[PDB]
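Undergrad:
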Amino acid sequence: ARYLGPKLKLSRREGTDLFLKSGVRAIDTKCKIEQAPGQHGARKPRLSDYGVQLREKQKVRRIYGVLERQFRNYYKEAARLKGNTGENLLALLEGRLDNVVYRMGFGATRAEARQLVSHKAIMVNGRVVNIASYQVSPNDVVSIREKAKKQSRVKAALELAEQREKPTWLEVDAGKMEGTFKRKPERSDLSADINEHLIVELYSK
Amino acid sequence: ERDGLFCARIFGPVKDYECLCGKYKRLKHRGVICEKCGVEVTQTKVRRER
Amino acid sequence: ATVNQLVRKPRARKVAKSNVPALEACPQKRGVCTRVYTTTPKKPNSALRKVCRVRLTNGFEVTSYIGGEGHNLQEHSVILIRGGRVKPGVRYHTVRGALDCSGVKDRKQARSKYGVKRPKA
Amino acid sequence: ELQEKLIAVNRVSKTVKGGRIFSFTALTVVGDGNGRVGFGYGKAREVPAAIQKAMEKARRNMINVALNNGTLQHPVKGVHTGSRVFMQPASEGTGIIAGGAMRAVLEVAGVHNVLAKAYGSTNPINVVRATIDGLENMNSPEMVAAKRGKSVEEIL
RNA sequence: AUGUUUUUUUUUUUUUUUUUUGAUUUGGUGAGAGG
RNA sequence: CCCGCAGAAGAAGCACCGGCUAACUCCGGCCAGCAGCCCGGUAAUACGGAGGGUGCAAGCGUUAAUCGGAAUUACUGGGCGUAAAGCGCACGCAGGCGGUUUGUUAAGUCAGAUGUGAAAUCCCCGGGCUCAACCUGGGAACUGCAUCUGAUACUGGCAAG
Ligand SMILES: [Zn+2]
Numbered sequence: 039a040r041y042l043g044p045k046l047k048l049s050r051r052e053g054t055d056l057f058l059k060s061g062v063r064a065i066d067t068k069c070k071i072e073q074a075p076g077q078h079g080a081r082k083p084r085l086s087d088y089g090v091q092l093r094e095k096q097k098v099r100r101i102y103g104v105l106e107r108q109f110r111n112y113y114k115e116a117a118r119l120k121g122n123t124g125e126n127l128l129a130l131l132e133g134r135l136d137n138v139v140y141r142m143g144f145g146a147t148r149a150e151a152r153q154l155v156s157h158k159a160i161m162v163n164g165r166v167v168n169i170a171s172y173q174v175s176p177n178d179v180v181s182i183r184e185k186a187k188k189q190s191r192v193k194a195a196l197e198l199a200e201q202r203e204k205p206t207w208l209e210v211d212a213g214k215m216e217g218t219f220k221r222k223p224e225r226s227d228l229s230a231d232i233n234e235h236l237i238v239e240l241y242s243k
Numbered sequence: 449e450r451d452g453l454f455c456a457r458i459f460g461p462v463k464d465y466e467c468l469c470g471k472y473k474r475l476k477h478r479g480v481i482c483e484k485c486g487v488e489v490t491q492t493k494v495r496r497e498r
Numbered sequence: 062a063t064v065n066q067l068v069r070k071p072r073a074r075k076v077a078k079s080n081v082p083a084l085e086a087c088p089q090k091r092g093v094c095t096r097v098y099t100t101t102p103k104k105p106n107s108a109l110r111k112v113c114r115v116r117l118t119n120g121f122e123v124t125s126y127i128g129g130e131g132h133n134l135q136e137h138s139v140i141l142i143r144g145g146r147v148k149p150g151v152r153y154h155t156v157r158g159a160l161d162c163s164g165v166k167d168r169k170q171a172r173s174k175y176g177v178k179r180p181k182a
Numbered sequence: 099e100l101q102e103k104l105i106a107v108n109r110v111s112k113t114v115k116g117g118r119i120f121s122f123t124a125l126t127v128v129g130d131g132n133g134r135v136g137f138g139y140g141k142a143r144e145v146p147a148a149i150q151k152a153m154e155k156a157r158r159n160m161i162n163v164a165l166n167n168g169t170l171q172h173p174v175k176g177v178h179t180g181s182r183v184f185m186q187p188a189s190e191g192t193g194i195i196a197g198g199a200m201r202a203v204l205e206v207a208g209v210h211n212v213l214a215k216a217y218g219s220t221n222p223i224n225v226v227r228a229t230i231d232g233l234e235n236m237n238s239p240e241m242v243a244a245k246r247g248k249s250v251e252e253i254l
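Protein chains in written order, with my numbering: chain A, 39 to 243; chain B, 449 to 498; chain C, 62 to 182; chain D, 99 to 254.
1. When Cβ atoms are compared, which residues of the stretch 85-100 of chain A fall closer than 9 angstroms to chain B?
2. Beta-carbon within less than 7 angstroms of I458/B's beta-carbon, same chain only, minus the 5 sequence neighbours each way: which residues are those?
3. If you draw a straight line from the C-alpha of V165/C to the C-alpha of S49/A, how long is it?
4. Go through the stretch 170-234 of chain D residue by residue and report every complete run of the beta strand (DSSP E) that reaches 3 residues or more, in order.
5. Among all residues, which have a Cβ less than 5 angstroms from at least one non-hydrogen atom of ligand 1, and in what chain order do they fall?
6. Rounded to whole angstroms, how far is the Cβ of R110/C from the Cβ of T99/C, which I believe are closer than 8 angstroms?
7. Does the stretch 476-491 of chain B come within contact of the stretch 68-78 of chain C, defined as at least 3 CB pairs closer than 8 angstroms?
8. May I ask you to report which of helix, strand or coil DSSP gives residue 26/A?
9. Using a Cβ cut-off of 7 angstroms (strictly closer), state whether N122/A contacts chain D.
10. Could you tell me whether the Cβ of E239/A comes closer than 7 angstroms to any Cβ of chain D?
11. On the DSSP letters alone, give me the boundaries of the alpha helix (DSSP H) that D178/A sits inside.
12. Tell me which residues share the same chain as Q89/C and place their Cβ nearer than 7 angstroms to its Cβ, disregarding the 5 neighbours each side in the sequence.
13. Have a look at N211/D and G138/D and give me their C-alpha separation to the nearest angstrom.
14. Is the CB of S229/A under 7 angstroms away from at least one CB in chain B?
15. Take the Cβ of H178/D as the centre, count every other Cβ of all protein chains shown within 10 Å, and call the residue buried at 16 or more, exposed below.
16. Indicate whether the contact test is met: 3 or more Cβ pairs, each with one atom in the stretch 163-172 of chain D and one in the stretch 142-153 of chain D, closer than 8 angstroms.
17. Considering only the beta carbon of each residue, do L127/A and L228/A sit closer than 7 angstroms?
18. Go through its chain and collect everything with a Cβ distance to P187/D's Cβ below 6 angstroms, but skip five positions before and after it.
19. Does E106/A come out as helix, strand or coil in the three-state DSSP assignment?
20. Check whether the stretch 183-193 of chain A touches the stretch 156-172 of chain A, counting contact only when three or more Cβ pairs, one atom from each stretch, lie closer than 8 angstroms.
21. What are the boundary residues of the beta strand (DSSP E) that includes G140/D?
22. Does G176/D have its Cβ less than 7 angstroms from a Cβ in chain A?
23. May I ask you to list, following chain order, the residues of the stretch 177-196 of chain D that have a beta carbon less than 9 angstroms from some beta carbon of chain A?
24. Could one say the Cβ of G486/B lies closer than 7 angstroms to chain A's Cβ atoms, at least one of them?
25. So that I know if they touch, is there some Cβ in chain D lying closer than 7 angstroms to that of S242/A?
26. Going along the chain, which unbroken runs of the alpha helix (DSSP H) with 4 or more residues stay wholly within the stretch 183-239 of chain A?
27. In angstroms with no decimal places, state the Cα-to-Cα distance between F121/C and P82/C.
28. Going along chain D in order, which residues have a C-beta closer than 7 angstroms to the C-beta of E125/A?
29. From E132/A to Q66/C, what does the alpha carbon distance come to, in whole angstroms?
30. What is the C-beta distance between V180/A and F219/A, in whole angstroms, given that I count them as a contact (C-beta under 8 angstroms)?
31. Could you tell me whether the Cβ atoms of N108/D and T123/D are closer together than 7 angstroms?
32. Looking at the unbroken alpha helix (DSSP H) that takes in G124/A, where does it start and where does it end?
33. Which residues in the same chain have their Cβ closer than 6 angstroms to the Cβ of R99/A, if we skip the five residues on either side of it in sequence?
34. Is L117/C helix, strand or coil when you go by DSSP?
35. So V155/A and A170/A are supposed to be a Cβ contact under 8 angstroms. How far apart are they, rounded?
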């Protein structure tokens with residue numbers, strides 16, 4: 039139910055930096071980010087039409103840490119919902135509790151955030167929510183509870199975030215350690231490199 | 449330095465049409481600013497006027 | 062084609078017969094080996110392919126391929142067949158590692174497909 | 099600015115006194131991400147050369163296509179030889195739902211959102227041609243208005 | 001008069017320079033000479 | 001359901017990597033074996049093992065079975081000179097279709113209403129289980145059938161041309 043292996047390998051495979059490590063130390067120093075994993079890394083022949091789409095899908099999934107069935111479900115939901123499908127999917131992905139936490143800066147990585155969520159550190163509207171897939175709504179305040187507020191990791195995460203660009207769709211307080219999910223993010227607010235359309239196509243086989 | 453005298457977000461990217469840190473290495477999306485870079489995306493002489 | 066014509070006599074659906082009729086819409090069937098033997102395949106191939114004529118539970122007498130390297134089967138050995146045709150007249154495979162048919166010896170990849178338990182170390 | 103996609107490359111033979119002389123055909127298609135599309139079919143003893151030739155061919159004899167935003171203006175059929183093709187405009191987000199050679203042509207053309215089936219033959223060369231034809235024939239609202247002696251609001 | 005009368009794999013890789021609007025890299029201080 | 005205790009502790013496999021099809025190398029002789037369709041005779045990315053990878057993941061494969069792809073029974077939506085496909089040719093009952101004008105009818109057709117079309121299910125907006133599945137409020141839908149009141153272009157009936 040989770041990917042427990044090497045994180046940088048995934049990144050290498052993808053091509054890009056997936057942000058699977060905190061960002062204290064640059065990704066180029068930790069691993070050969072350009073070279074693909076395994077014995078046959080240096081060889082890089084152009085991929086197929088299907089293959090590129092698949093890769094794209096993987097990238098997105100990897101980024102958020104969502105396994106396949108769940109991803110499929112999300113896609114379906116997006117399709118069902120009104121408006122642009124890929125965009126909807128992206129929004130849904132964002133909405134995940136762990137992701138939100140990460141954005142806020144209470145977790146160094148998304149993985150860390152997820153872990154925190156699991157371990158009953160986070161509350162959503164003053165009620166302890168344990169599910170990483172929990173879809174956080176507009177105007178839903180989300181905070182660290184008083185037990186987990188003393189942790190050194192949390193402050194480190196916050197610091198890291200502060201170095202990292204702040205998302206417009208949230209509003210977080212470092213002292214209070216509570217952030218308000220103000221609105222579901224627009225496509226423009228998210229990263230431009232993610233070809234959602236490819237993903238959509240893949241499932242529209 | 450981010451963000452010191454010679455910043456990225458306040459002024460511009462050292463390299464032309466490149467995020468100094470890492471995204472956009474072609475000519476498609478000139479402008480996007482990710483959180484991992486806190487960088488604009490324009491010309492090499494854009495910092496001379498800013 | 063003409064609508065009137067269609068009305069008179071509607072369009073016939075192509076009834077596709079099953080290529081594994083001795084199963085009778087069962088995923089596997091139990092059978093007893095009437096005889097076990099080797100057979101030569103058709104052109105362009107060359108081998109001694111291990112196969113057994115099986116009398117099934119439901120009454121049919123079929124011939125079933127035996128996959129993997131080596132087998133313990135004799136006459137009067139109770140085996141499970143699964144369907145699948147080897148590319149004359151063999152339309153079924155013995156399930157290795159079910160009933161009397163043993164798993165393949167010394168096999169470490171695709172183990173499931175030849176009944177083999179996980180190697181301990 | 100122009101994007102160019104090699105759809106297929108196929109090895110073709112000519113029998114001679116000695117034996118078989120082999121050659122390679124390259125089917126490419128190029129577009130500017132707007133109305134302009136053009137396919138090219140190039141041939142040579144080696145692949146890369148053939149591809150280059152195809153590209154060259156494509157770059158000349160382009161064709162304009164009226165695009166209402168990211169999609170088509172109305173459902174359009176296009177036929178050529180065996181390949182008969184249907185393509186239907188679709189809502190933003192849906193992506194290019196189309197198969198093979200057909201997809202490639204659409205992508206370069208700068209349609210982002212289509213529902214497109216290729217009936218009949220799916221011989222890449224023919225199907226791309228069919229697609230092109232379909233695109234070409236497809237008229238815009240303004241054009242239709244002009245034709246009919248009306249305003250755009252009269253047609254809706 | 002007549003020819004299916006010695007076949008066996010002796011096998012194929014999907015986007016930049018857009019017919020002349022673009023890349024080869026060196027800052028202050030002080031001293032001395034020529035006109 | 002909540003609180004406390006200890007300590008990374010008790011918790012990852014299955015299939016695949018010739019092309020289709022995401023993933024490649026080395027070591028073992030048309031044998032042993034593989035195979036869904038289209039390898040193996042001594043340098044096999046196709047057999048078996050290894051290392052490396054890819055895809056799924058508390059599941060993963062295989063088999064069986066249904067729809068799909070299959071516009072491959074084509075109502076939507078195919079064809080028939082040579083690819084399968086025009087009766088050897090006619091007459092002709094039933095059947096199908098029917099030039100043009102007016103009038104009338106209102107069967108088909110269309111419009112509106114009424115009754116019904118069980119609940120659940122599906123779909124939309126909500127609510128409740130920490131989320132989800134699940135449960136659940138209200139709607140929409142159930143393409144229909146029947147009846148009543150209209151419309152009369154088209155098709156039909158009847159009457160005259
Ligand atoms: Zn950037």
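No residue lacks a Cβ here, since even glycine has one placed at the ideal position from N, Cα and C.
TA: If we stick to the structure as given:
1. none
2. Reading the second sequence from its first residue, position 10 is the one you call residue 458/B. Here the set comprises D451.
3. As a working note, residue 165/C is residue 104 in the third sequence. As a working note, residue 49/A is residue 11 in the first sequence. Taking the straight line joining both Cα atoms gives about 39 angstroms.
4. 174-178, 181-187 and 212-218
5. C467/B, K471/B, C482/B and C485/B
6. As a first step, residue 110/C is located in the third sequence; it is residue number 49 there, counting from the start. As a first step, residue 99/C is located in the third sequence; it is residue number 38 there, counting from the start. That pair is a contact at about 6 angstroms.
7. no
8. As shown, chain A starts at 39 and ends at 243. That puts residue 26/A outside it, with no answer to give.
9. As a working note, residue 122/A is residue 84 in the first sequence. Chain D, which has a Cβ nearer than 7 angstroms to the Cβ of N122/A, makes this yes.
10. Within the first sequence, numbered from 1, the residue matching residue 239/A stands at position 201. Interface residue, yes.
11. For this step, residue 178/A is matched to residue 140 along the first sequence. It is not in any alpha helix (DSSP H) - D178/A instead sits in the beta strand (DSSP E) that spans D178 to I182.
12. For the purposes of this step, residue 89/C is identified with residue 28 of the third sequence, where counting begins at 1. Result list for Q89/C: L141, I142, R143 and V156, in chain order.
13. Locating residue 211/D in the fourth sequence gives position 113, counting from the first residue. Locating residue 138/D in the fourth sequence gives position 40, counting from the first residue. Spanning the two alpha carbons is a distance of roughly 24 angstroms.
14. Along the first sequence, one-based indexing puts residue 229/A at 191. Yes - at least one Cβ of chain B is within 7 angstroms of the one on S229/A.
15. Position 80 of the fourth sequence, counted from the start, is the residue given in the question as residue 178/D. Under this definition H178/D is a buried residue.
16. no
17. By 1-based counting over the first sequence, the position of residue 127/A is 89. By 1-based counting over the first sequence, the position of residue 228/A is 190. The answer is no: Cβ separation not under 7 angstroms.
18. As a first step, residue 187/D must be located in the fourth sequence, where it is residue number 89. Around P187/D: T169 and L170.
19. Within the first sequence, numbered from 1, the residue matching residue 106/A stands at position 68. In the structure shown, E106/A sits in a helix (DSSP, three-state: H, G or I).
20. yes
21. Numbered from 1 along the fourth sequence, position 42 holds the residue referred to as residue 140/D. Start and end: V135 to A142.
22. For the purposes of this step, residue 176/D is identified with residue 78 of the fourth sequence, where counting begins at 1. Cβ-Cβ to chain A under 7 angstroms: no for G176/D.
23. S189, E190, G191, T192, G193, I194 and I195
24. Translated into positions along the second sequence, residue 486/B becomes position 38. So, interface residue.
25. The count along the first sequence starts at 1 and reaches residue 242/A at position 204. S242/A counts as touching chain D.
26. 190-201
27. To locate residue 121/C, count along the third sequence from 1; it is residue 60. To locate residue 82/C, count along the third sequence from 1; it is residue 21. Their backbone Cα atoms lie some 9 angstroms apart in a straight line.
28. Within the first sequence, the letter at position 87 stands for residue 125/A. Per Cβ cutoff of 7 angstroms: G191.
29. Residue numbering aside, residue 132/A sits at position 94 when the first sequence is read from its first letter. Residue numbering aside, residue 66/C sits at position 5 when the third sequence is read from its first letter. Rounded to the nearest angstrom, the two C-alpha atoms are 58 angstroms apart.
30. Counted from its first residue, the first sequence places residue 180/A at position 142. Counted from its first residue, the first sequence places residue 219/A at position 181. Going by Cβ atoms, the distance from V180/A to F219/A rounds to 6 angstroms, so yes, they are a contact pair.
31. In the fourth sequence, residue 108/D corresponds to position 10, counting from 1. In the fourth sequence, residue 123/D corresponds to position 25, counting from 1. Taking 7 angstroms as the Cβ cut-off, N108/D and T123/D qualify as a contacting pair.
32. Position 86 of the first sequence holds residue 124/A. Per DSSP, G124/A belongs to the alpha helix (DSSP H) from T123 to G133.
33. The residue labelled residue 99/A in the question sits at position 61 within the first sequence. So the qualifying residues of the chain are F109.
34. The count along the third sequence starts at 1 and reaches residue 117/C at position 56. In this structure, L117/C counts as strand in the three-state DSSP scheme.
35. Residue mapping note: residue 155/A aligns to position 117 of the first sequence, counting from 1. Residue mapping note: residue 170/A aligns to position 132 of the first sequence, counting from 1. The pair is a contact, with the Cβ atoms about 5 angstroms apart (cut-off 8 angstroms).
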